[PDB]
Structures are given as C-alpha cells and as structure tokens.
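Have a look at upload.json; it's JSON, N, CA and C atoms:
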[["chain", "number", "residue", "atom", "x", "y", "z"],
["A", 51, "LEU", "N", 55.68, -104.25, 17.05],
["A", 51, "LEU", "CA", 55.26, -102.91, 17.42],
["A", 51, "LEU", "C", 56.46, -101.97, 17.52],
["A", 52, "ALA", "N", 57.54, -102.43, 18.15],
["A", 52, "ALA", "CA", 58.74, -101.60, 18.24],
["A", 52, "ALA", "C", 59.30, -101.32, 16.85],
["A", 53, "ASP", "N", 59.36, -102.34, 15.99],
["A", 53, "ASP", "CA", 59.86, -102.15, 14.64],
["A", 53, "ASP", "C", 58.99, -101.18, 13.86],
["A", 54, "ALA", "N", 57.67, -101.28, 14.03],
["A", 54, "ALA", "CA", 56.76, -100.39, 13.33],
["A", 54, "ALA", "C", 56.90, -98.96, 13.81],
["A", 55, "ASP", "N", 57.07, -98.76, 15.12],
["A", 55, "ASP", "CA", 57.30, -97.41, 15.63],
["A", 55, "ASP", "C", 58.60, -96.83, 15.07],
["A", 56, "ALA", "N", 59.68, -97.62, 15.10],
["A", 56, "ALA", "CA", 60.95, -97.15, 14.57],
["A", 56, "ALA", "C", 60.85, -96.85, 13.08],
["A", 57, "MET", "N", 60.15, -97.71, 12.33],
["A", 57, "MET", "CA", 60.03, -97.53, 10.89],
["A", 57, "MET", "C", 59.13, -96.36, 10.55],
["A", 58, "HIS", "N", 58.12, -96.09, 11.38],
["A", 58, "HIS", "CA", 57.28, -94.91, 11.18],
["A", 58, "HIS", "C", 58.08, -93.64, 11.42],
["A", 59, "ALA", "N", 58.89, -93.62, 12.49],
["A", 59, "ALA", "CA", 59.75, -92.47, 12.72],
["A", 59, "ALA", "C", 60.74, -92.30, 11.57],
["A", 60, "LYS", "N", 61.33, -93.40, 11.10],
["A", 60, "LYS", "CA", 62.26, -93.34, 9.98],
["A", 60, "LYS", "C", 61.57, -92.85, 8.72],
["A", 61, "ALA", "N", 60.33, -93.28, 8.49],
["A", 61, "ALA", "CA", 59.59, -92.85, 7.31],
["A", 61, "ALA", "C", 59.26, -91.37, 7.38],
["A", 62, "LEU", "N", 58.91, -90.88, 8.57],
["A", 62, "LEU", "CA", 58.67, -89.44, 8.71],
["A", 62, "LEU", "C", 59.94, -88.64, 8.48],
["A", 63, "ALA", "N", 61.08, -89.12, 9.01],
["A", 63, "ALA", "CA", 62.34, -88.44, 8.76],
["A", 63, "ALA", "C", 62.71, -88.47, 7.28],
["A", 64, "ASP", "N", 62.49, -89.61, 6.62],
["A", 64, "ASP", "CA", 62.76, -89.72, 5.19],
["A", 64, "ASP", "C", 61.84, -88.81, 4.40],
["A", 65, "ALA", "N", 60.58, -88.68, 4.82],
["A", 65, "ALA", "CA", 59.67, -87.75, 4.18],
["A", 65, "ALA", "C", 60.16, -86.31, 4.34],
["A", 66, "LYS", "N", 60.65, -85.97, 5.53],
["A", 66, "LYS", "CA", 61.21, -84.63, 5.73],
["A", 66, "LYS", "C", 62.40, -84.39, 4.81],
["A", 67, "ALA", "N", 63.30, -85.38, 4.71],
["A", 67, "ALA", "CA", 64.46, -85.23, 3.84],
["A", 67, "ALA", "C", 64.05, -85.12, 2.38],
["A", 68, "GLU", "N", 63.09, -85.95, 1.96],
["A", 68, "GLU", "CA", 62.61, -85.90, 0.58],
["A", 68, "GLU", "C", 61.95, -84.56, 0.29],
["A", 69, "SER", "N", 61.18, -84.03, 1.24],
["A", 69, "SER", "CA", 60.57, -82.72, 1.05],
["A", 69, "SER", "C", 61.62, -81.63, 0.95],
["A", 70, "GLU", "N", 62.67, -81.72, 1.77],
["A", 70, "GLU", "CA", 63.75, -80.74, 1.68],
["A", 70, "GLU", "C", 64.42, -80.79, 0.32],
["A", 71, "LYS", "N", 64.74, -82.00, -0.16],
["A", 71, "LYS", "CA", 65.36, -82.13, -1.48],
["A", 71, "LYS", "C", 64.42, -81.64, -2.57],
["A", 72, "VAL", "N", 63.13, -81.96, -2.45],
["A", 72, "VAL", "CA", 62.16, -81.58, -3.47],
["A", 72, "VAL", "C", 62.02, -80.07, -3.53],
["A", 73, "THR", "N", 61.95, -79.41, -2.38],
["A", 73, "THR", "CA", 61.82, -77.96, -2.38],
["A", 73, "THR", "C", 63.11, -77.28, -2.82],
["A", 74, "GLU", "N", 64.27, -77.88, -2.54],
["A", 74, "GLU", "CA", 65.51, -77.34, -3.08],
["A", 74, "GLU", "C", 65.53, -77.43, -4.60],
["A", 75, "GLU", "N", 65.13, -78.58, -5.14],
["A", 75, "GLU", "CA", 65.05, -78.73, -6.59],
["A", 75, "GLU", "C", 63.99, -77.81, -7.18],
["A", 76, "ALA", "N", 62.91, -77.57, -6.43],
["A", 76, "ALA", "CA", 61.88, -76.65, -6.89],
["A", 76, "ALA", "C", 62.39, -75.22, -6.94],
["A", 77, "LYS", "N", 63.18, -74.80, -5.95],
["A", 77, "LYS", "CA", 63.80, -73.48, -6.01],
["A", 77, "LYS", "C", 64.77, -73.40, -7.17],
["A", 78, "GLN", "N", 65.54, -74.47, -7.41],
["A", 78, "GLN", "CA", 66.45, -74.48, -8.55],
["A", 78, "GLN", "C", 65.68, -74.34, -9.86],
["A", 79, "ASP", "N", 64.58, -75.08, -10.00],
["A", 79, "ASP", "CA", 63.78, -75.00, -11.22],
["A", 79, "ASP", "C", 63.11, -73.65, -11.36],
["A", 80, "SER", "N", 62.69, -73.05, -10.24],
["A", 80, "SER", "CA", 62.13, -71.71, -10.28],
["A", 80, "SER", "C", 63.16, -70.70, -10.77],
["A", 81, "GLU", "N", 64.39, -70.82, -10.27],
["A", 81, "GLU", "CA", 65.46, -69.94, -10.75],
["A", 81, "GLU", "C", 65.72, -70.17, -12.23],
["A", 82, "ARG", "N", 65.74, -71.43, -12.67],
["A", 82, "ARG", "CA", 65.97, -71.73, -14.08],
["A", 82, "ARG", "C", 64.88, -71.13, -14.96],
["A", 83, "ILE", "N", 63.62, -71.32, -14.56],
["A", 83, "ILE", "CA", 62.50, -70.80, -15.34],
["A", 83, "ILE", "C", 62.51, -69.28, -15.35],
["A", 84, "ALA", "N", 62.80, -68.66, -14.21],
["A", 84, "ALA", "CA", 62.87, -67.21, -14.15],
["A", 84, "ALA", "C", 63.97, -66.68, -15.05],
["A", 85, "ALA", "N", 65.14, -67.34, -15.03],
["A", 85, "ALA", "CA", 66.23, -66.91, -15.90],
["A", 85, "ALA", "C", 65.85, -67.05, -17.36],
["A", 86, "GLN", "N", 65.24, -68.18, -17.73],
["A", 86, "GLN", "CA", 64.86, -68.40, -19.12],
["A", 86, "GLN", "C", 63.84, -67.36, -19.58],
["A", 87, "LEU", "N", 62.83, -67.09, -18.75],
["A", 87, "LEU", "CA", 61.79, -66.15, -19.14],
["A", 87, "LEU", "C", 62.31, -64.71, -19.14],
["A", 88, "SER", "N", 63.21, -64.37, -18.22],
["A", 88, "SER", "CA", 63.82, -63.04, -18.24],
["A", 88, "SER", "C", 64.70, -62.87, -19.47],
["A", 89, "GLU", "N", 65.44, -63.91, -19.85],
["A", 89, "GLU", "CA", 66.22, -63.86, -21.08],
["A", 89, "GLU", "C", 65.31, -63.70, -22.29],
["A", 90, "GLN", "N", 64.19, -64.42, -22.31],
["A", 90, "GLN", "CA", 63.23, -64.26, -23.40],
["A", 90, "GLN", "C", 62.69, -62.84, -23.45],
["A", 91, "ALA", "N", 62.35, -62.28, -22.29],
["A", 91, "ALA", "CA", 61.83, -60.91, -22.24],
["A", 91, "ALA", "C", 62.87, -59.92, -22.72],
["A", 92, "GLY", "N", 64.13, -60.10, -22.31],
["A", 92, "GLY", "CA", 65.19, -59.22, -22.78],
["A", 92, "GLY", "C", 65.40, -59.33, -24.28],
["A", 93, "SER", "N", 65.35, -60.55, -24.81],
["A", 93, "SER", "CA", 65.49, -60.73, -26.25],
["A", 93, "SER", "C", 64.35, -60.06, -27.00],
["A", 94, "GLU", "N", 63.12, -60.20, -26.49],
["A", 94, "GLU", "CA", 61.98, -59.57, -27.14],
["A", 94, "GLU", "C", 62.08, -58.05, -27.06],
["A", 95, "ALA", "N", 62.53, -57.51, -25.93],
["A", 95, "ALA", "CA", 62.70, -56.07, -25.81],
["A", 95, "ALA", "C", 63.77, -55.57, -26.76],
["A", 96, "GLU", "N", 64.88, -56.30, -26.88],
["A", 96, "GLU", "CA", 65.92, -55.92, -27.82],
["A", 96, "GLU", "C", 65.42, -55.99, -29.26],
["A", 97, "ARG", "N", 64.61, -57.00, -29.57],
["A", 97, "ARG", "CA", 64.03, -57.10, -30.90],
["A", 97, "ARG", "C", 63.10, -55.93, -31.18],
["A", 98, "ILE", "N", 62.30, -55.53, -30.18],
["A", 98, "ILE", "CA", 61.42, -54.38, -30.36],
["A", 98, "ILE", "C", 62.23, -53.10, -30.55],
["A", 99, "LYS", "N", 63.33, -52.96, -29.80],
["A", 99, "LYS", "CA", 64.19, -51.79, -29.96],
["A", 99, "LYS", "C", 64.82, -51.76, -31.35],
["B", 115, "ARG", "N", 57.87, -55.70, -22.33],
["B", 115, "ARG", "CA", 57.39, -55.45, -23.68],
["B", 115, "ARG", "C", 56.62, -54.14, -23.75],
["B", 116, "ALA", "N", 55.77, -53.88, -22.76],
["B", 116, "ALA", "CA", 55.02, -52.63, -22.74],
["B", 116, "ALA", "C", 55.96, -51.43, -22.61],
["B", 117, "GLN", "N", 56.96, -51.54, -21.73],
["B", 117, "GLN", "CA", 57.91, -50.44, -21.56],
["B", 117, "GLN", "C", 58.71, -50.21, -22.84],
["B", 118, "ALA", "N", 59.14, -51.29, -23.49],
["B", 118, "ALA", "CA", 59.87, -51.16, -24.75],
["B", 118, "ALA", "C", 59.00, -50.53, -25.82],
["B", 119, "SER", "N", 57.74, -50.94, -25.90],
["B", 119, "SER", "CA", 56.83, -50.34, -26.87],
["B", 119, "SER", "C", 56.63, -48.86, -26.60],
["B", 120, "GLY", "N", 56.46, -48.48, -25.33],
["B", 120, "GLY", "CA", 56.28, -47.07, -25.02],
["B", 120, "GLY", "C", 57.51, -46.24, -25.35],
["B", 121, "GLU", "N", 58.70, -46.74, -24.98],
["B", 121, "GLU", "CA", 59.92, -46.00, -25.28],
["B", 121, "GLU", "C", 60.16, -45.91, -26.78],
["B", 122, "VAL", "N", 59.88, -46.98, -27.52],
["B", 122, "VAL", "CA", 60.05, -46.94, -28.97],
["B", 122, "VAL", "C", 59.05, -45.99, -29.60],
["B", 123, "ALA", "N", 57.83, -45.92, -29.07],
["B", 123, "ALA", "CA", 56.85, -44.97, -29.58],
["B", 123, "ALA", "C", 57.30, -43.53, -29.33],
["B", 124, "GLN", "N", 57.83, -43.26, -28.13],
["B", 124, "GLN", "CA", 58.34, -41.92, -27.84],
["B", 124, "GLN", "C", 59.51, -41.58, -28.76],
["B", 125, "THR", "N", 60.42, -42.54, -28.96],
["B", 125, "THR", "CA", 61.54, -42.32, -29.87],
["B", 125, "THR", "C", 61.05, -42.07, -31.29],
["B", 126, "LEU", "N", 60.03, -42.79, -31.67],
["B", 126, "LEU", "CA", 59.59, -42.61, -33.01],
["B", 126, "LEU", "C", 59.12, -41.17, -33.12],
["B", 127, "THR", "N", 58.26, -40.68, -32.24],
["B", 127, "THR", "CA", 57.74, -39.32, -32.44],
["B", 127, "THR", "C", 58.82, -38.30, -32.39],
["B", 128, "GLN", "N", 59.73, -38.47, -31.48],
["B", 128, "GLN", "CA", 60.87, -37.58, -31.44],
["B", 128, "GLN", "C", 61.52, -37.57, -32.80],
["B", 129, "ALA", "N", 61.71, -38.74, -33.38],
["B", 129, "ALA", "CA", 62.34, -38.85, -34.69],
["B", 129, "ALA", "C", 61.45, -38.25, -35.77],
["B", 130, "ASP", "N", 60.14, -38.44, -35.67],
["B", 130, "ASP", "CA", 59.25, -37.84, -36.65],
["B", 130, "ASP", "C", 59.40, -36.32, -36.64],
["B", 131, "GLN", "N", 59.45, -35.70, -35.49],
["B", 131, "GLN", "CA", 59.69, -34.28, -35.47],
["B", 131, "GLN", "C", 61.04, -33.95, -36.06],
["B", 132, "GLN", "N", 62.09, -34.64, -35.64],
["B", 132, "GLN", "CA", 63.42, -34.24, -36.09],
["B", 132, "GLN", "C", 63.50, -34.38, -37.58],
["B", 133, "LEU", "N", 62.92, -35.45, -38.09],
["B", 133, "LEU", "CA", 62.95, -35.66, -39.51],
["B", 133, "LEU", "C", 62.24, -34.50, -40.15],
["B", 134, "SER", "N", 61.00, -34.27, -39.75],
["B", 134, "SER", "CA", 60.23, -33.24, -40.39],
["B", 134, "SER", "C", 61.10, -32.03, -40.66],
["B", 135, "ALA", "N", 61.70, -31.49, -39.61],
["B", 135, "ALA", "CA", 62.52, -30.30, -39.74],
["B", 135, "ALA", "C", 63.72, -30.52, -40.59],
["B", 136, "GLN", "N", 64.33, -31.68, -40.45],
["B", 136, "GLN", "CA", 65.56, -31.89, -41.16],
["B", 136, "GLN", "C", 65.15, -31.77, -42.59],
["B", 137, "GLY", "N", 63.99, -32.29, -42.90],
["B", 137, "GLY", "CA", 63.51, -32.19, -44.25],
["B", 137, "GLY", "C", 63.28, -30.77, -44.73],
["B", 138, "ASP", "N", 62.74, -29.92, -43.88],
["B", 138, "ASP", "CA", 62.55, -28.53, -44.28],
["B", 138, "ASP", "C", 63.88, -27.87, -44.58],
["B", 139, "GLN", "N", 64.86, -28.11, -43.73],
["B", 139, "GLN", "CA", 66.18, -27.60, -44.00],
["B", 139, "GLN", "C", 66.58, -28.00, -45.38],
["B", 140, "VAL", "N", 66.57, -29.31, -45.65],
["B", 140, "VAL", "CA", 67.02, -29.81, -46.93],
["B", 140, "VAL", "C", 66.16, -29.30, -48.04],
["B", 141, "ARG", "N", 64.87, -29.12, -47.78],
["B", 141, "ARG", "CA", 63.97, -28.62, -48.81],
["B", 141, "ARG", "C", 64.56, -27.35, -49.39],
["B", 142, "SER", "N", 65.12, -26.50, -48.55],
["B", 142, "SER", "CA", 65.79, -25.28, -49.00],
["B", 142, "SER", "C", 66.90, -25.56, -50.01],
["B", 143, "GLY", "N", 67.89, -26.37, -49.64],
["B", 143, "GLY", "CA", 69.02, -26.62, -50.53],
["B", 143, "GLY", "C", 68.45, -27.19, -51.81],
["B", 144, "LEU", "N", 67.39, -27.96, -51.68],
["B", 144, "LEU", "CA", 66.67, -28.52, -52.82],
["B", 144, "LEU", "C", 66.21, -27.42, -53.77],
["B", 145, "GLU", "N", 65.56, -26.39, -53.24],
["B", 145, "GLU", "CA", 65.10, -25.28, -54.07],
["B", 145, "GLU", "C", 66.25, -24.45, -54.61],
["B", 146, "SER", "N", 67.42, -24.52, -53.98],
["B", 146, "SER", "CA", 68.59, -23.84, -54.52],
["B", 146, "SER", "C", 69.14, -24.57, -55.74],
["B", 147, "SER", "N", 69.18, -25.90, -55.70],
["B", 147, "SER", "CA", 69.73, -26.67, -56.81],
["B", 147, "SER", "C", 68.70, -26.99, -57.88],
["B", 148, "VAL", "N", 67.42, -26.70, -57.63],
["B", 148, "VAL", "CA", 66.38, -27.01, -58.60],
["B", 148, "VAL", "C", 66.66, -26.31, -59.92],
["B", 149, "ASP", "N", 67.13, -25.06, -59.87],
["B", 149, "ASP", "CA", 67.35, -24.31, -61.11],
["B", 149, "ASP", "C", 68.39, -25.00, -61.99],
["B", 150, "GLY", "N", 69.54, -25.35, -61.42],
["B", 150, "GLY", "CA", 70.57, -26.02, -62.20],
["B", 150, "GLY", "C", 70.12, -27.38, -62.70],
["B", 151, "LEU", "N", 69.43, -28.15, -61.85],
["B", 151, "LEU", "CA", 68.97, -29.46, -62.29],
["B", 151, "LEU", "C", 67.97, -29.34, -63.43],
["B", 152, "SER", "N", 67.05, -28.38, -63.34],
["B", 152, "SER", "CA", 66.08, -28.18, -64.41],
["B", 152, "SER", "C", 66.75, -27.73, -65.70],
["B", 153, "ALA", "N", 67.76, -26.86, -65.59],
["B", 153, "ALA", "CA", 68.49, -26.45, -66.78],
["B", 153, "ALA", "C", 69.17, -27.64, -67.43],
["B", 154, "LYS", "N", 69.80, -28.50, -66.63],
["B", 154, "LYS", "CA", 70.46, -29.68, -67.18],
["B", 154, "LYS", "C", 69.45, -30.60, -67.85],
["B", 155, "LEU", "N", 68.29, -30.81, -67.22],
["B", 155, "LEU", "CA", 67.28, -31.69, -67.80],
["B", 155, "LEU", "C", 66.74, -31.12, -69.11],
["B", 156, "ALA", "N", 66.51, -29.80, -69.15],
["B", 156, "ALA", "CA", 66.03, -29.17, -70.37],
["B", 156, "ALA", "C", 67.06, -29.31, -71.48],
["B", 157, "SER", "N", 68.34, -29.11, -71.16],
["B", 157, "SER", "CA", 69.39, -29.31, -72.15],
["B", 157, "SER", "C", 69.41, -30.74, -72.65],
["B", 158, "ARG", "N", 69.23, -31.71, -71.75],
["B", 158, "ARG", "CA", 69.21, -33.11, -72.16],
["B", 158, "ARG", "C", 68.07, -33.39, -73.12],
["B", 159, "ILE", "N", 66.85, -32.98, -72.75],
["B", 159, "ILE", "CA", 65.70, -33.31, -73.60],
["B", 159, "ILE", "C", 65.79, -32.59, -74.94],
["B", 160, "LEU", "N", 66.21, -31.32, -74.94],
["B", 160, "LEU", "CA", 66.33, -30.58, -76.19],
["B", 160, "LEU", "C", 67.44, -31.10, -77.08],
["B", 161, "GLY", "N", 68.34, -31.93, -76.56],
["B", 161, "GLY", "CA", 69.45, -32.42, -77.35],
["B", 161, "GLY", "C", 70.56, -31.42, -77.56],
["B", 162, "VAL", "N", 70.48, -30.26, -76.91],
["B", 162, "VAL", "CA", 71.51, -29.22, -77.04],
["B", 162, "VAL", "C", 71.42, -28.33, -75.81],
["B", 163, "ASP", "N", 72.49, -27.57, -75.55],
["B", 163, "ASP", "CA", 72.50, -26.69, -74.39],
["B", 163, "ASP", "C", 71.33, -25.71, -74.45],
["B", 164, "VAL", "N", 70.63, -25.57, -73.33],
["B", 164, "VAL", "CA", 69.48, -24.68, -73.25],
["B", 164, "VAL", "C", 69.94, -23.23, -73.25]]
Take the structure in the file and write it out as structure tokens.
Amino acid sequence: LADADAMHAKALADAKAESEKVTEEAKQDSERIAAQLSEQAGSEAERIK
Amino acid sequence: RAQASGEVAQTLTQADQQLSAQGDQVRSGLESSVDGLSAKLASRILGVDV
C-alpha cells in the first residue's frame, strides 16, 4: 500500500512533467507551423504582386 | 491574398488610366510622323521617290 501510494504520486508527477514537455513541444510546433504558413502567405503575396 | 489581390487590382486600374493617357500623348507624335512614314512607304512601293 505504501509503495502504491508513492508510485501513484510519482506517476502523477511524471504525468505533470510529461504534460509540460508535451505542451512545450506543442507551442514549438505551433510556432513552426505559423512560421511556415506565414512564409507561404508572403511568397504567394509576392507572386501575386 | 485578398489584400494583395485588392492592391494589385487598384494598381492595375491606376495603370490603365495612366496608360490610356500616355497613349493619347504618343498618339499625337504618331500623327506627326505619319506623313513622313507614309511618304517613305509610298516611295518604297512605287520603286522610286514619291
């Protein structure tokens, strides 16, 4: 029971850390996608010009 | 894309007007040189100076 309580707390902490890393990578990917699509939009606007 | 299309459309019309006029200006010089060009062409076809 003590081991299970400790491991449950550890699993919740690991889930928090994994969520933090996942959302950081998600923000990074959002920035990457936004940059790529803004570059595409700029290229298309320059082509139209 | 919409903004670029709108600005290019505005530029085009601006250019259509400017061209139009630029053409009228030139149309004049055109009518000034028409006489000499026609004389040269007539001389060419006739095979001798008109």
- Task: Within 12 Å of chain B, which residues of chain A are there when counting only C-alpha atoms? Please give them as a ChimeraX atom specification.
- Result: /A:88,90-99
- Query: Distance atom N of residue 151 (chain B)-CA of residue 164 (chain B), one decimal place?
  - Reply: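 The value is 11.9 Å.
The space between CA of residue 149 (chain B) and CA of residue 162 (chain B) spans 17.2 Å.
With atom C of residue 133 (chain B) on one side and atom N of residue 120 (chain B) on the other, the separation reads 21.2 Å.
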